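A short worksheet on the structure shown next.
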Amino acid sequence: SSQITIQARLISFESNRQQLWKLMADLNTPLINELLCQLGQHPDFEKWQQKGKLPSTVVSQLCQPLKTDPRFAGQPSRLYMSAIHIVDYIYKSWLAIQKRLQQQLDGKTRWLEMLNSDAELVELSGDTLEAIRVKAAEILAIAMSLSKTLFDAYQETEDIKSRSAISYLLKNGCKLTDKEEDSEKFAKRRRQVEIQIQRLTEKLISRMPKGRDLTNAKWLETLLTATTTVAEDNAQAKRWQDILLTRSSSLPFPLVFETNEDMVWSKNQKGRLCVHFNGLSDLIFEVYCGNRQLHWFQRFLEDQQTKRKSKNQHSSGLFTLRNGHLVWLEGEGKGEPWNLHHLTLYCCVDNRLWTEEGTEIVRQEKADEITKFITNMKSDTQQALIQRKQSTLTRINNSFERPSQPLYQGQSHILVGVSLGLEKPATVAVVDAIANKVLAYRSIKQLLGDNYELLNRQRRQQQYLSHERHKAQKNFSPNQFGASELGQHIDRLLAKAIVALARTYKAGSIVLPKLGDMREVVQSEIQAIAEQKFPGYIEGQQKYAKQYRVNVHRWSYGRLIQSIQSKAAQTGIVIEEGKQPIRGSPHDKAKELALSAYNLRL
DNA sequence: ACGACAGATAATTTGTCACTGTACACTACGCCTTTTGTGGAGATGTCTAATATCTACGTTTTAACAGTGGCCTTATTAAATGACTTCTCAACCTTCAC
């Protein structure tokens, strides 16, 4: 996770900002909207959902006739390209989501079929429980990936004895068990799977990507319709209401510049770094950044100047800058939108390209990938692709003469396990795995140190700000706020503390748990309990454990994992994934998480 | 011869009267002992109703709270917020413009 974003304000005189706003809002965003509409109507759309993959070129092909439609014709080539990238990534995202959800629904539907109680397994096997227990002992002795191997063994073995023995073996977590099945805990575990299947089935009714209408013409024409026309029935009037409540999108889609050299850097005579974008060189924007990021923007000019001095004998494949996003940030107050909103550039950089040693890491990664490509790839334009790839492979050998910082060296036998929990967001154990000894624990309080008071602040603000929103909603007041930025701050403080401890003990890796989807587990567990406690009373079921379900939906385990992954990559510490045990305290969970990831190395 | 007539005669008792021996001399029912049935205290032994004491019999009363039972409507779409997921993160070459 070595890619990170740095940002700066872009400043320019009003006519440059107005011209860019009108390009984005009047042409580029309407084009994106049109591409999303046409792409969702394509005759292959239903087979793209089955593959879960979009064709590499279909957005580019749809955009070609639109580039000369009077609605969209006025744009530079890179703005059409940006619109293509926006639309292509949206569907690459959405088709990947739907594909995995469909696989989850199919997987659990098979499990629901093969989850049979011992009373059902007796009939469906025709064998006594001891007989299927012995047959499961044989099938386990052959399947010795074990879970998948049993799922593979189940499907084509139509022999109901072995098929039931696999069912019995899978019910217990791929192992034998002597103890009797508690019939109500089984019936609950069956009911959980039905709820999960239903909730997956409902999630697969997701909407197609909606776009951003900045005119909101549909709202005003619906208002005129609903006020002067009789609704033909309740369903038309409901559709009218649903439109009238829909909020207006203020801001256009950002521009995306996937060619780092489509940002051209310079220093003006007042000494400020400046940038202009390919196709819009007349609009000079001035960089206004914090000094904590200035060294990156200075590097972008130095990388640009280095390759010009070498007459392009360097490769921009090793430019520290990777891509840019050009974004309008919503301004407070009033004005024309190019005056109200603040133009902001977000630059992706790869942190390894800062140093010379890290650049050598990237160079070999580039060289191996391109040598693979050239070997596997072998038309005129496809031969031109090979020649560009071969030019890259030649030019990445030329050095940028970057700062030298020796790479981190961590001991392979020292690991940090990080236990994640709802009550204690992180707990760490430094384990010496060949010694099987814990070198150090730290609690959440020791990780946060002097910041530990922020953790009670978060809980207190989450309560307070929720209640103030609840009160504000009843007044239709816009003053609705929350603690997300404090929560993000805490997760970043924890990430830095964990990695600093890992560096201090020379740990080779940080071990993080494969939590899965905690929210759908908790939500289906609690619903199965509540349906027994409040039969036929839906509101009673939804009130049951409401605050626990809320707490689990706020638990930011993904954001914390992501923050740890970024900080570890910036110091070259390996991340490993392990299985967090359910037994024990957060300290013991962290220790056994660490040691299991060591033993799982094969 | 004996004894047998009437009457003598030696007893026998009746009655006188001088003499003398004696008590009157105040001087026993009184002193003393033992038994003994009746009687007067006065230490001591006899043995109860009863007015408690002295706990328990257990029996009510409380409140605490535990368990049963009724009710609670459910859907769509938009918005805000908090999150999750996915995708992306070229580069050399050509052409026309001073």
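Reckoned from all heavy atoms, side chains included, excluding hydrogens, waters and symmetry mates. First the proteins, then the strands, lettered A, B, ... as listed; each starts at 1.
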* **Reading 5' to 3' through nucleotides 89-98 of chain B, protein heavy-atom contacts under 4.0 Å coded B for base, S for sugar-phosphate only, - for none** => BBBBS-----
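- The existence of a salt bridge linking A:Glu453 and A:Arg460 is excluded, since no basic side-chain nitrogen approaches an acidic carboxylate oxygen closer than 4.0 Å.
- Atom pair A:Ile86:CD1 and B:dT86:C1' shows a separation of 15 Å (rounding to whole Å applied).
- At least one test fails for A:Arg402 against the ring of A:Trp354: distance under 6.0 Å to the centre or angle within 45° of the axis.
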* Asked: If you write DNA chain B from 5' to 3' in dot-bracket form, with Watson-Crick or G-U pairs under 3.5 Å, [ ] for crossing pairs and | for pairs with another strand, what do you get?
  -> ..................................................................................................
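- Atom pair A:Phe534:CZ and B:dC72:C1' shows a separation of 10 Å (rounding to whole Å applied).
- A salt bridge between A:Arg199 and A:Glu202 is absent, with no side-chain N of the basic residue lying under 4.0 Å from a carboxylate O of the acidic one.
- The distance from atom CE of A:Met518 to atom P of B:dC84 is 13 Å, rounded to the nearest whole Å.
- We find that NZ of A:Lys471 is positioned 16 Å from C1' of B:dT81, with the value rounded to whole Å.
- For A:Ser484, the listed nucleotide lying nearest its side chain is B:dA83; candidates were B:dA83, B:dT85, B:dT88.
- The residue A:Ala483 sits close only to the backbone: its heavy atoms come under 4.0 Å of sugar-phosphate atoms, none of a base.
- For B:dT76, its base sits under 3.5 Å from the side chain of A:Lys238 at one donor and acceptor pair at least.
- If you take CG of A:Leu54 and P of B:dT86, they are 18 Å apart, rounded to a whole angstrom.
- Across B:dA79, B:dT77, B:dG82, the shortest atom-to-atom separation from the side chain of A:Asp242 is found for B:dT77.
- Listed in residue order, the members of residues 243-255 of chain A having a heavy atom less than 4.0 Å from DNA chain B are A:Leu245, A:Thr246, A:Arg247.
- Between A:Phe476 atom CZ and B:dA78 atom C1' the separation is 11 Å, expressed in whole Å.
- In this pair, A:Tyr537 lays its aromatic ring flat on the base of B:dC72, centres within 5.5 Å and planes under 30 degrees apart.
- Not a single ring-ring contact (aromatic ring centres under 6.0 Å, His included) links A:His489 to another residue, sequence neighbours left out.
- For the pair A:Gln103 CD and B:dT86 P, the interatomic distance rounds to 13 Å; values are reported in whole Å.
- Rounded to whole Å, atom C1' of B:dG82 lies 14 Å from atom CD of A:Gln463.
- Applying a 4.0 Å cut-off to non-hydrogen atoms, none of the residues of residues 205-223 of chain A approaches DNA chain B.
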* Audit row: A:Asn351, A:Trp296, side-chain contact (heavy atoms from CB on, under 4.5 Å) steps and yes/no -> CA-CA 10 Å; A:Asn351 190 72; A:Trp296 298 109; 3.7 Å; yes
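- Nearest nucleotide to the A:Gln458 side chain, out of B:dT77, B:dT85, B:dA83: B:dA83.
- For residues 364-400 of chain A, every residue pair satisfying the ring pair (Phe, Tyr, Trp, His ring centres under 6.0 Å) rule, not counting sequence neighbours, is listed here: A:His314-A:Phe400, A:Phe319-A:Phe400.
- Contact annotation: A:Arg559 side-chain N/O to B:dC84 OP1/OP2 distance is not under 4.0 Å.
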